[PDB]
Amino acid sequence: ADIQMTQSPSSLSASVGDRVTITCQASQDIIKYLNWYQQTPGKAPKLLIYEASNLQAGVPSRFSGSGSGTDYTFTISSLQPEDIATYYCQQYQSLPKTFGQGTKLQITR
């Protein structure tokens, strides 16, 4: 009964300026009721993209989200060092909310 979110990739590394992409697929239609969170180990999770594609205030325009129906995409256009975090997606089309496994993003040396 609980919707399952498959998030890819599990972890990825890139260097500064690079374009990065994260996708998650819902186990059924969630009608763009999907958010993208940034998380740092010590702090509370920051909401970056609301309702699949609406970017939240105080978040760089580098970040964006697209998707519809089943498939949803998150995109950091230009990677900067402030962006080291775990990124993860949550659906709220049917409660309880189910998150994705999360993407551990790093900066390559």
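All residue numbers refer to positions in the sequence shown, first residue = 1.
> Would you mind checking where the Cα B-factor of residue 7 ranks among the modelled residues of its chain, as the lowest, middle or highest third?
For residue 7, the deposited C-alpha B-factor lands in the lowest third.
> Quick check on the deposited entry: does the C-alpha B-factor of residue 55 sit in the lowest, middle or highest third of its chain?
CA B-factor rank for residue 55: lowest third.
> Relative to the other modelled residues of the same chain, rank the CA B-factor of residue 84 and answer lowest, middle or highest third.
It falls in the bottom third of the chain.
> Hey, what third does residue 90 fall into on Cα B-factor, ranked over its chain?
Its C-alpha B-factor belongs to the lowest third of this chain's values.
> Is the Cα B-factor recorded for residue 13 in the lowest, middle or highest third of its chain?
Middle third by C-alpha B-factor.
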